[PDB]
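Colleague: Below is the structure I would like to discuss, written out as structure tokens.
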RNA sequence: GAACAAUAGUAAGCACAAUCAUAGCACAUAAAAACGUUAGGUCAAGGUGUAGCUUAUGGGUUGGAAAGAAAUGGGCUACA
Ligand SMILES: [Mg+2]
Ligand SMILES: [Mg+2]
Ligand SMILES: [Mg+2]
Ligand SMILES: [Mg+2]
Ligand SMILES: [Mg+2]
Ligand SMILES: [Mg+2]
Ligand SMILES: [Mg+2]
Ligand SMILES: [Mg+2]
Ligand SMILES: [Mg+2]
Ligand SMILES: [Mg+2]
Ligand SMILES: [Mg+2]
Ligand SMILES: [Mg+2]
Ligand SMILES: [Mg+2]
Ligand SMILES: [Mg+2]
């Protein structure tokens with residue numbers, strides 16, 4: 069394993085918001101367990117919650133030719149877990165998330181939002197034009 | 077082989093429509109403007125009327141990609157109802173369950 | 271494909287109270303920006319979409335911030351009108 | 042030979058077959074090394090055009106359109122404009138005939 | 002010529018550490 | 005009378021796979037999904053492609069591996085790689101099995117332009133869930 | 882409505898990069914039009930169908946290279962053989978009608 | 001081919017029932033509902049057995065259709 073250190077002042081993250089979409093509630097439970105257990109070992113200080121489930125239903129005809137009295141209806145459920153992490157470094161995020169994503173199960177998707185901390189841009193600091 | 081002749085026809089209309097897309101766009105821009113002179117717009121009118129009309133967008137028909145059926149297709153899977161159901165009911169379609177509530 | 275269109279989008283949250291603004295400059299910037307300013311929480315927001323790459327949207331959002339600040343301090347004729 | 046599954050993935054990734062982690066969806070697309078002011082600000086390409094004519098109305102519109110357009114490179118945006126230069130310049134006749142003198 | 006070899010579960014050491022056996026993402030072989 | 009993906013009651017002697025014995029209304033209740041991918045979740049794209057793709061791999065595996073296929077073929081998509089699991093009956097002499105492993109992986113990988121992983125679990129005889 | 886209001890409006894828009902001078906609801910469609918991806922260009926349209934010739938021909942060759950096995954075309958085959966055998970085949974082009 | 005103070009019935013299977021879903025109960029609804037019946041529906045979803053077409057019952061381009069004397073099915077809006 070090769071580590072390098074570059075002089076530049078690595079990025080801070082106030083809040084790292086990680087959403088996992090899924091079909092089966094089980095998979096998202098065990099994955100929560102895994103993520104929390106990874107984070108507890110890396111000193112990451114995290115929370116988790118369950119956002120409201122989405123259920124999308126729609127309707128098809130039940131026969132090939134004609135009985136329109138008769139339909140079938142189908143569903144897709146989308147279940148959510150969100151891991152909300154606070155006060156992370158740049159590298160910390162890169163690694164932790166790398167470990168998360170690498171192990172992402174096949175039935176699930178993940179949506180990451182970082183909120184990054186930057187002091188002030190250079191042309192605004194206290195010049196005025 | 078595409079499954080039907082109708083499919084060949086519409087494959088080709090897709091390729092056409094990708095071909096001329098920017099001619100269409102550009103020309104139609106003048107044509108849809110109230111700021112330009114009418115004089116420009118008449119000539120341009122003749123110009124989009126000029127280009128082959130198998131290359132026009134609305135002449136395109138989504139079909140079931142496997143089965144070719146012109147109606148009954150569900151946009152997301154680009155499948156006919158019959159084929160879709162057929163798949164979903166062996167369980168070969170992920171995340172689709174028969175809906176109860 | 272790893273291409274997801276939704277990724278481009280960048281947001282800026284900036285608290286106006288943390289800003290070096292003149293009285294005149296603050297008020298002019300409020301009127302200037304409009305809805306992107308929340309008058310209750312003082313959070314100026316900028317969403318950027320327009321450009322294919324994330325870095326670009328970052329640059330442009332920074333650009334907008336910069337610009338709005340530079341323009342809020344400039345008094346003009348019609349302002350006195 | 043492959044000593045382990047980790048070995049496997051490793052060779053895939055060096056090779057370019059596996060993805061990079063953590064994912065940035067813009068990986069592999071550099072967009073020409075362009076920057077935001079090479080998209081948003083289109084003054085460059087409007088330099089040859091009548092400055093007070095309705096032509097400016099129109100082309101300022103097209104400007105705004107292509108300024109807001111994520112799905113195109115700089116080279117294509119340019120091509121649109123140049124197509125309009127070519128187009129308007131090709132018809133001098135119709136410009137003169139509509140009640141405005143156009144350059 | 003028919004081949005029946007007993008599963009790895011037969012040679013498995015009761016205390017043998019698991020991640021040795023299943024390091025990465027896997028199909029679930031019932032044999033191993 | 006729903007004929008959908010169902011297997012009729014015989015004189016009672018007919019061997020039936022656990023999957024073919026569990027009727028469509030049973031998906032997600034007892035039976036699982038034969039494929040897995042992101043595409044049908046709320047905010048997601050390109051579901052169609054993974055469907056065409058899936059279909060073609062059903063036909064492909066049925067055709068490359070004649071008479072030796074046990075139960076329907078289990079596809080998983082993980083981070084751009086395919087994991088194709090199969091229950092395969094033991095008919096072939098093992099050499100041929102590995103020939104076709106290499107053959108399949110390579111061919112598919114170069115077709116779908118993404119790395120494919122193949123797994124054969126070999127079974128002495130079709131598992132019987134019911135009758136027999 | 883005021884002039885101050887108007888000048889602020891202009892200022893804001895020309896800043897954020899939206900429409901500059903006052904323009905009709907009609908003409909704005911041009912802006913909307915380039916600002917988008919034209920319908921025919923969307924990958925969700927032109928790439929709609931999988932190339933069918935590719936799958937068909939690839940599995941076809943792969944049949945004769947001995948690798949793939951097509952039960953459908955084998956059924957087809959055997960049937961065609963048994964139809965030509967009984968004495969009804971597919972006429973040499975041009976021969977059938979006039980005779 | 002049953003009688004339970006029982007008289008020739010036993011039987012795993014598939015149905016019903018039971019459980020699942022409608023985010024905790026319960027009920028309700030949803031779903032499910034075999035064997036057969038109606039030679040019920042559909043060779044225009046697709047696929048096929050038998051037959052036919054092959055300088056054409058095949059493949060393309062350009063136009064053209066979907067008019068109301070009425071008769072009736074279902075809706076919508078009213079009659080305040
Ligand atoms: Mg249409
Ligand atoms: Mg019913
Ligand atoms: Mg319950
Ligand atoms: Mg009940
Ligand atoms: Mg019912
Ligand atoms: Mg029941
Ligand atoms: Mg009949
Ligand atoms: Mg009848
Ligand atoms: Mg037919
Ligand atoms: Mg036939
Ligand atoms: Mg004809
Ligand atoms: Mg016609
Ligand atoms: Mg009447
Ligand atoms: Mg009414």
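Chains as they are written, first to last, in the working numbering: chain U, 69 to 197; chain C, 77 to 177; chain E, 271 to 351; chain G, 42 to 144; chain W, 2 to 33; chain F, 5 to 136; chain S, 882 to 980. Heads up, the beta-carbon is just placed ideally off N, CA and C, and yes, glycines get one too.
1) Within 8 Å, do at least three Cβ pairs link the region 301 to 308 of chain E to the region 62 to 74 of chain G?
2) Between residue 48 (chain F) and chain U, is there a C-beta pair that is closer than 8 Å?
3) Listed from N- to C-terminal order along the chain, which residues in the region 895 to 909 of chain S have their beta-carbon within a distance smaller than 9 Å of any beta-carbon of chain G?
4) So with CB distances below 9 Å, who are the chain C contacts of residue 60 (chain G)?
5) Keeping to the same chain, check which residues put their C-beta closer than 8 Å to that of residue 141 (chain C); ignore five residues upstream and five downstream.
6) Using the Cα positions of residue 310 (chain E) and residue 96 (chain U), report the straight-line distance between them to the nearest angstrom.
7) For residue 118 (chain F), which three-state DSSP category applies?
8) Does the Cβ-Cβ distance between residue 154 (chain U) and residue 85 (chain U) come in under 8 Å?
9) With a threshold of 16 other CB atoms inside 10 Å of the CB of residue 927 (chain S), please say whether the residue is buried or exposed.
10) In chain U, which residues lie with their C-beta within 7 Å of the C-beta of residue 332 (chain E)?
11) Classify residue 61 (chain G) as helix, strand or coil using the three-state DSSP reduction.
12) In whole angstroms, give me the CA-to-CA distance for residue 86 (chain F) and residue 43 (chain G).
13) Using a 10 Å radius around the Cβ and a threshold of 16 neighbouring Cβ atoms, would you call residue 293 (chain E) buried or exposed?
14) Does the CB of residue 67 (chain F) have a neighbour CB from chain S at under 8 Å?
15) Select from the region 70 to 89 of chain G all residues with a C-beta closer than 7 Å to any C-beta belonging to chain E, and list them in chain order.
16) Tell whether a beta-carbon distance below 8 Å holds between residue 88 (chain F) and residue 96 (chain F).
17) To the nearest angstrom, how far is the alpha carbon of residue 16 (chain F) from that of residue 22 (chain F)?
18) Quick check on residue 21 (chain F): does DSSP put it in helix, strand or coil?
19) Is any beta-carbon of chain C found at less than 8 Å from that of residue 99 (chain G)?
20) State the Cα-Cα distance for the pair residue 23 (chain W) and residue 9 (chain W), rounded to the nearest angstrom.
21) Between the Cα of residue 75 (chain G) and those of E:288, E:335, E:324, spot the shortest distance and give me the residue it belongs to.
22) Could you tell me which uninterrupted alpha helix (DSSP H) segments, each at least 4 residues in length, are contained entirely in the region 35 to 101 of chain F, listed from first to last along the chain?
23) What does the alpha-carbon distance come out to for the pair residue 164 (chain C) and residue 161 (chain U)?
24) Pull out every residue of the region 69 to 100 of chain F whose Cβ sits closer than 8 Å to any Cβ of chain C, in chain order.
25) Could you tell me the alpha carbon to alpha carbon distance between residue 33 (chain F) and residue 177 (chain C), rounded to whole angstroms?
26) Rounded to a whole number of angstroms, what is the C-alpha to C-alpha distance between residue 56 (chain F) and residue 123 (chain F)?
27) When you measure from the CB of residue 149 (chain C) to every non-hydrogen atom of ligand 1, does any distance come out below 7 Å?
28) Taking only the alpha-carbon atoms, compute the straight-line gap between residue 57 (chain G) and residue 166 (chain U) and give it to the nearest angstrom.
29) Would DSSP call residue 959 (chain S) helix, strand or coil?
30) Quick one: list the residues of chain G neighbouring residue 914 (chain S), beta-carbon separation under 8 Å, in chain order.
31) Strictly below 7 Å CB to CB, what residues from chain W border residue 123 (chain F)?
32) Can you name the start and end residues of the beta strand (DSSP E) that residue 146 (chain U) belongs to?
33) Taking residue 176 (chain U) as the reference, which of F:74, F:80, F:52 has the closest Cα?
34) Which first and last residues belong to the beta strand (DSSP E) in which residue 181 (chain U) is found?
35) List the DSSP bridge partners of residue 166 (chain C).
Modeller: A quick look at the data gives this:
1) no
2) yes
3) 898, 899, 900, 901, 902, 904, 908, 909
4) Correct list: empty, because the minimum Cβ distance to chain C is about 21 Å.
5) 154, 155
6) 37 Å
7) coil
8) no
9) buried
10) 189
11) coil
12) 19 Å
13) exposed
14) yes
15) 72, 76, 77, 80, 81
16) no
17) 16 Å
18) coil
19) yes
20) 13 Å
21) E:324
22) 51 to 68
23) 39 Å
24) 76
25) 14 Å
26) 21 Å
27) no
28) 17 Å
29) helix
30) 106
31) 28
32) 139 to 157
33) F:80
34) 177 to 185
35) In the DSSP output, where bridge partners are listed per residue, residue 166 (chain C) has none listed.
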